[PDB]
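Enquirer: Structure incoming, see below.
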């Protein structure tokens, strides 16, 4: 049973899906489960009472949105099962789970219990013929067409700098933080309350994400922007009322570089990138500096790459050629790589078959990934 | 004998840093002509001193010491009492008292224990300080350990514009002992040194010591995180790479992955 | 003026406890320190004997095509060492890297023949644990007692990298019917010296009681004890330190303060506490 395999690229913020050997993921939607706050009085209302994807985006105000996955670690397993069921259902894929092999993705260095429980869901609840979990950095390099280079990424949950050199993903040199787009959105929400405009509701939380996506920019010199007084630019909400954003827009994405502002000890994106290069061998450092690939949604801030280049110039040894490259479609970089990896004839060897899982168990899944 | 000093420094860089005092004393026994050179060049754990008039501990360095006696930062006096010791200026002494008080609150927040000391020696173009800290771990626990600061800073005050070129040289001398988990006992000894220079404009609100402090805080957060990794980056790959039981099953897989990557390599291109 | 006898004792302490990646360099550092060679060269020769036994390092004898570890259990006493696998005596030169001019040895080896079957097994499991692994399983009578003494090591030294990982394993198995007694110590050492030093130093002492049954069983039982112990050791050595050192190293000094805010210097210089 070697049908066209499916590539479900997981993520805390957004979840991508579709078939192998494709240019773009056809099925992209945000990873959450909306449920109705209000009392459904009238007959002929929205049926089901568990909303995922575009229906939930259309009917935000009704639904109490909650995310199942934080920092690449699922909290609510029943919610992720409903999301995966919605992916396979007629509203999105129009396929059965029994036909196609599965390509899953996860952030590196996660708890193994969650990886085991993920496999249990795919093999038992769904009747998958073969499963395969993989890295995000390895796929992003397959999407670009390079083998050597570091992959800095920044989704909604995790930020991790994985160094790879000619098909050798060093498991030891992988740096990681639990600081990312969701924490930046939460930090921007806190700043908007300091400005004046309070947002506490779960449906109203996605307006803060929309403001973060649209009206934000990362300054090169933060001390210079602190001394100067801001212009206070405007933005229209979904309702109609205008909001002067003020200094919150530029101080919000500083969290990624300065993790002390939220109140939690971490390295930072720029430190993690330097740190992933340093932990590798001495001969391979200069090739890793030359090939730095960006990925994820939280790398799309204005003057983000320029700030990363300046931070590398400050920390790294002098007289070294720095190059932070990036693809055009930074959001769909990991999925394209999975679609390429799935289309290859080698893919049959790497996967965990259902028969092999039934015989061995979790140990076979731990062996095949690394 | 310049090669002897190079070898002496090379030897202290390879012997355990836990026994610097014993090995340095023996190294001076073996080379008595280099005694003055080695005492200046070889960094060693900081000595504890006690100010009897105030009833407080201070720390000892080469810079604060003048001859056989050491200026206490609390009383401004040397023990044993020298007749005409090398004191700072009355303005710098007042600044030095404010340094001690500021870095007292510094240490007490980061460690919540141990002892510190701050001494600033007067220069014509500048004011140059030493910030010593010594924190001991839980003695009752089987895991022993300490953390030692040797932040030396040099501030070049400019004439016009009120700006100041800072030059921080920071050493961090650590020894973690780990005796737990019923699996054995490991003792890890670190010693990284990092340099940082900066020109900052002087504020009337915040004095120059606060500007120095900002370098210490940022340096300590970075040195600590750098240290932290140099521990794991080596203790992980090296030890795991030597005795990995999962190396032999993954070696067969890696050889399969070698055929696979090679098939991927051709297909990535076209 | 330090006495010549004082100079040798100072040299001995460094040579007896030097990191094996750079110990031959440490000897060179001690020799490059003190002018005269003969005083250190004579003193180091005795230190090297005691030192190269505690390392468990093998000298390759020219025509064996394998590596025989050297310890206190191989020491014949006449400056020559046993090779219990190939069963030939060899003279180990302690300054020079090689050991040559071997001598065929013949002993009844009744206690020694039993363990050599267990030895040849152990090797295959050593090869399983490490990419490059060498061993020696000494056979000897100790004050009437009957004792197998397997040893394993691993040497991974590179000059350019400035890091050196070294494993040494000591394992004694006393044969007593039915119940046998085991004593073993397990020492790791890693050293990194770039931009400043970091060292891993370790050991685990293990006391175990085993029961003898068969040659196939006793060969696969001791190895099993070693396999589980050395994995549990590496597991703890890797997994505890990556997390627990991070928290205990943090319990001494925290990465940020108790407030989780970078301390304000303006606050420190114009605030009062207490009552």
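We number chain C the way Swiss-Prot does; in order, the residues shown are 7-281.
Method of determination (from the header): electron microscopy, 8.7 Å.
Every residue gets a Cβ built from N, Cα and C, even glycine.
Okay, these came from Swiss-Prot:
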type	residues	note
MOD_RES	C:9	phosphoserine
MOD_RES	C:19	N6-acetyllysine
MOD_RES	C:97	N6-acetyllysine
Enquirer: How long is the line from the C-alpha of residue C:19 (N6-acetyllysine) to the C-alpha of residue C:9 (phosphoserine), rounded to the nearest angstrom?
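Expert: Answer for this pair: 16 Å between alpha carbons.
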Enquirer: Three states by DSSP: which one describes the residue listed as 'phosphoserine'?
Expert: coil
Enquirer: Cα of the residue listed as 'phosphoserine' to Cα of residue C:97 (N6-acetyllysine): how many Å, rounded?
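Expert: Between the alpha carbons of the residue listed as 'phosphoserine' and residue C:97 (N6-acetyllysine) there are 34 Å.
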Enquirer: Quick one: of C:9, C:19, C:97, which modified residues have a CB closer than 8 A to some CB in chain B?
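Expert: From C:9, C:19, C:97, the ones near chain B are C:19.
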Enquirer: Restricting to the chain of residue C:97 (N6-acetyllysine) and a gap of 6 or more, list residues whose Cβ falls under 8 Å of its Cβ, or answer none.
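Expert: Set apart from residue C:97 (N6-acetyllysine) by at least 6 residues yet with Cβ under 8 Å, we have C:85, C:86, C:87, C:105, C:106, C:107, C:108.
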Enquirer: Find, among the modified residues listed as C:9, C:19, the one whose Cβ has the highest number of other Cβ atoms within 10 Å in the structure shown.
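Expert: Result of the Cβ crowding comparison: C:19.
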Enquirer: Would you identify the secondary structure of residue C:97 (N6-acetyllysine) according to DSSP, in three states?
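Expert: Going by the DSSP assignment, residue C:97 (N6-acetyllysine) falls within a strand, counted as strand.
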